[PDB]
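Before any comments, here is the structure.
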Amino acid sequence: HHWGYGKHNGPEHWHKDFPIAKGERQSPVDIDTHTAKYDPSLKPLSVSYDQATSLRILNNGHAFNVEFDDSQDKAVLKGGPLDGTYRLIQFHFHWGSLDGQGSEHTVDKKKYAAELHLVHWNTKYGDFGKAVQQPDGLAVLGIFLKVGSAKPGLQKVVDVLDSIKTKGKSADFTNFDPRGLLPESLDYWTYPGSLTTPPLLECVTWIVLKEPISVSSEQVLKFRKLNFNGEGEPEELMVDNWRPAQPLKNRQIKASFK
Ligand SMILES: [Zn+2]
C-alpha cells in the first residue's frame with residue numbers, strides 16, 4: 001500500500017485499495033453547530049491521564065506518534081458517550097502548509113491550523129488490533145489547534161522533532177504529560193465514525209472538543225519541517241496530512257453542552 005497525501009496517492013485515491021473509504025460512517029466530518037443537538041443523556045467525560053507512561057516518538061511517514069504504555073489502565077478515557085474503559089495508546093497530529101488549513105474535522109466549514117488525536121481502545125476487546133474490528137473499538141479525542149500564543153506543554157514534543165525528521169525515525173520520549181495538551185473546557189461534540197487514514201476502519205467514537213488550544217507560529221512551523229520521505233530520499237515536507245470532510249449520511253452529531 002502506498003497511500004499518502006500527494007496529488008497522486010492522496011485521499012481521493014484511497015478508495016481503490018480501501019473501498020470502505022466511501023462507506024456509511026467515514027471521518028472526518030463537518031460539524032454543523034446549528035444542527036448538532038445537545039444531548040442531556042451524555043454523562044460527564046472523564047479524562048484520567050495522571051498515571052500516563054509515554055515511551056517513544058515515531059515518524060511513520062504519515063504523521064508522528066507519541067506512544068504510551070498501554071499494558072495496564074494507566075491513562076484512560078471514560079464517560080461521555082462511552083460505555084466502559086478506553087486506554088490511551090498514542091497521540092498524533094494532522095496539520096497544514098499554512099495556518100488556514102490542517103484540521104480534519106471542521107466547525108461550520110472552518111478549518112483550524114491543526115488537529116490533535118488522542119487515540120484510545122476499548123479494554124473489553126483485549127488488544128488494539130481486536131478493537132479496530134469493532135464498531136465501538138476505539139475512542140479518539142480530537143482537539144483543534146489555532147495559531148496564537150505558544151502552548152508550553154507542547155514544546156517538549158516540538159523540540160524532539162529534529163531527531164525524528166524522516167520516515168522510520170524514532171526517539172525515546174519518556175515522562176511526557178499529555179494533560180498539558182488539553183484545553184480548559186471539556187465541552188464536546190460526539191458522533192460515530194472511522195479512522196481518518198487507511199485502513200479507514202469504521203471503529204471510532206469521535207469526541208471532538210469545542211475549545212481549541214493555541215499554539216505558536218514557531219511551534220507549528222517546526223511540525224512543517226518534518227519529512228514524509230525516509231533518510232536520504234528526496235525531501236517531501238510533511239504538510240497537509242489531513243483528510244477532508246466526508247459525507248455525514250445517516251448520522252447525528254450530539255453536543256455535550258447547551
Ligand atoms: Zn489522526
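Identifiers in this document derive from the order of the C-alpha cells: chains are assigned A, B, ..., residues are numbered from 1 separately in each chain, and ligands are numbered from 1 in order of occurrence.
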- [ ] Kindly compile the residues surrounding ligand 1 within 7 Å, counting only C-alpha atoms and all ligand atoms, and format them as a PyMOL selection string.
- [x] chain A and resi 92-94+116-117+196
Open item on the list: With only C-alpha atoms as the counted atoms, please give the residues lying no more than 6 Å from range 176-192 of chain A, apart from itself and same-chain residues fewer than 6 positions off, as a PyMOL selection string.
Closed with: chain A and resi 54+153+205-210+213+253-256
Open item on the list: When DSSP is applied to the backbone of this structure, which of range 14-252 of chain A are assigned strand (DSSP E or B)? Write them out as a PyMOL selection string.
Closed with: chain A and resi 30-31+37-38+45-48+54-59+64-68+76-79+86-95+106-107+110+114-122+138-147+167+170-172+188-193+204-209+213-215+227+230+237
Open item on the list: One decimal, in Å: what's the spacing between CA of residue 71 in chain A and CA of residue 155 in chain A?
Closed with: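 Spanning CA of residue 71 in chain A to CA of residue 155 in chain A is a straight-line distance of 26.9 Å.
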Open item on the list: From the options A:159, A:52, A:18, A:145, which residue's atoms come nearest to residue 3 in chain A, counting only C-alpha atoms?
Closed with: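 Of A:159, A:52, A:18, A:145, the one nearest residue 3 in chain A, counting only C-alpha atoms, is A:18.
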TODO: Kindly indicate which residue among A:46, A:227, A:33, A:27 lies nearest to residue 167 in chain A, using only C-alpha atoms for the distances.
DONE: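 Of A:46, A:227, A:33, A:27, the one nearest residue 167 in chain A, counting only C-alpha atoms, is A:227.
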TODO: Report the residues of range 26-171 of chain A whose backbone DSSP state falls under helix (DSSP H, G or I), written as a VMD selection string.
DONE: chain A and resid 123 to 125 128 to 131 152 to 164
Restricting the output to C-alpha atoms, write the selected residues as an mmCIF file, in the first residue's frame.
```cif
data_model
loop_
_atom_site.group_PDB
_atom_site.id
_atom_site.type_symbol
_atom_site.label_atom_id
_atom_site.label_comp_id
_atom_site.auth_asym_id
_atom_site.auth_seq_id
_atom_site.Cartn_x
_atom_site.Cartn_y
_atom_site.Cartn_z
ATOM 1 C CA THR A 123 -10.333 -2.726 27.059
ATOM 2 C CA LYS A 124 -13.170 -5.124 26.591
ATOM 3 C CA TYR A 125 -11.589 -6.206 23.317
ATOM 4 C CA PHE A 128 -5.839 -2.670 19.853
ATOM 5 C CA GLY A 129 -5.841 -4.969 16.783
ATOM 6 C CA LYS A 130 -9.009 -6.609 18.011
ATOM 7 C CA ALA A 131 -10.639 -3.346 18.962
ATOM 8 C CA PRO A 152 4.096 25.344 26.884
ATOM 9 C CA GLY A 153 3.114 21.662 27.239
ATOM 10 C CA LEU A 154 3.675 21.114 23.522
ATOM 11 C CA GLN A 155 7.226 22.419 23.494
ATOM 12 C CA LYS A 156 8.949 19.099 24.519
ATOM 13 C CA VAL A 157 7.213 17.477 21.545
ATOM 14 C CA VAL A 158 8.274 20.384 19.312
ATOM 15 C CA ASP A 159 11.844 20.045 20.445
ATOM 16 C CA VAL A 160 12.262 16.359 19.803
ATOM 17 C CA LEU A 161 11.192 16.691 16.112
ATOM 18 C CA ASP A 162 14.725 17.426 14.812
ATOM 19 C CA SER A 163 15.628 13.919 15.898
ATOM 20 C CA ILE A 164 12.762 12.149 14.018
#
```
TODO: Have a look at A:175, A:57, A:238, A:51 and name the one nearest to residue 72 in chain A; count only C-alpha atoms.
DONE: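 Counting only C-alpha atoms, the residue closest to residue 72 in chain A is A:51.
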Who sits within 12 Å of residue 73 in chain A, only C-alpha atoms, same chain under 4 positions skipped, as an mmCIF file with C-alpha atoms, in the first residue's frame:
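Listed below is the output, selection06.cif:
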```cif
data_model
loop_
_atom_site.group_PDB
_atom_site.id
_atom_site.type_symbol
_atom_site.label_atom_id
_atom_site.label_comp_id
_atom_site.auth_asym_id
_atom_site.auth_seq_id
_atom_site.Cartn_x
_atom_site.Cartn_y
_atom_site.Cartn_z
ATOM 1 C CA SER A 48 -7.715 10.178 33.620
ATOM 2 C CA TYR A 49 -4.145 10.780 32.464
ATOM 3 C CA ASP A 50 -2.399 11.091 35.873
ATOM 4 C CA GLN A 51 -0.605 7.732 35.549
ATOM 5 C CA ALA A 52 0.204 8.030 31.799
ATOM 6 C CA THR A 53 3.511 6.495 30.694
ATOM 7 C CA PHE A 68 2.237 5.165 25.558
ATOM 8 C CA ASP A 69 2.492 2.018 27.645
ATOM 9 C CA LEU A 77 -10.981 7.850 28.854
ATOM 10 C CA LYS A 78 -14.446 7.105 30.215
ATOM 11 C CA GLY A 84 -16.589 1.072 29.703
ATOM 12 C CA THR A 85 -12.935 1.971 29.670
ATOM 13 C CA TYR A 86 -10.738 3.131 26.852
ATOM 14 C CA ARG A 87 -6.950 3.032 27.222
ATOM 15 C CA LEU A 88 -4.661 5.705 25.668
ATOM 16 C CA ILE A 89 -2.281 4.093 23.134
ATOM 17 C CA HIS A 120 -7.856 5.125 22.929
ATOM 18 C CA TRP A 121 -9.003 1.454 22.744
ATOM 19 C CA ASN A 122 -11.796 -0.349 24.457
ATOM 20 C CA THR A 123 -10.333 -2.726 27.059
ATOM 21 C CA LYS A 124 -13.170 -5.124 26.591
ATOM 22 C CA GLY A 126 -8.251 -7.050 24.983
#
```
Open item on the list: Could you check the closest approach to residue 83 in chain A for each of A:111, A:222, A:62, A:43 and tell me which residue wins, using only C-alpha atoms?
Closed with: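 Smallest separation from residue 83 in chain A among the options: A:43.
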- [ ] For CA of residue 58 in chain A and CA of residue 194 in chain A, quote the distance in Å rounded to one decimal.
- [x]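 For CA of residue 58 in chain A relative to CA of residue 194 in chain A, the distance reads 22.2 Å.
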Task: Counting only C-alpha atoms, the option among A:169, A:251, A:146, A:7 closest to residue 65 in chain A - done: A:169
TODO: One decimal, Å: what's the distance from CA of residue 20 in chain A over to CA of residue 61 in chain A, could you say?
DONE: 22.3 Å
Open item on the list: Using only C-alpha atoms for the distances, tell me which of A:212, A:135, A:28, A:81 is nearest to residue 114 in chain A.
Closed with: A:212
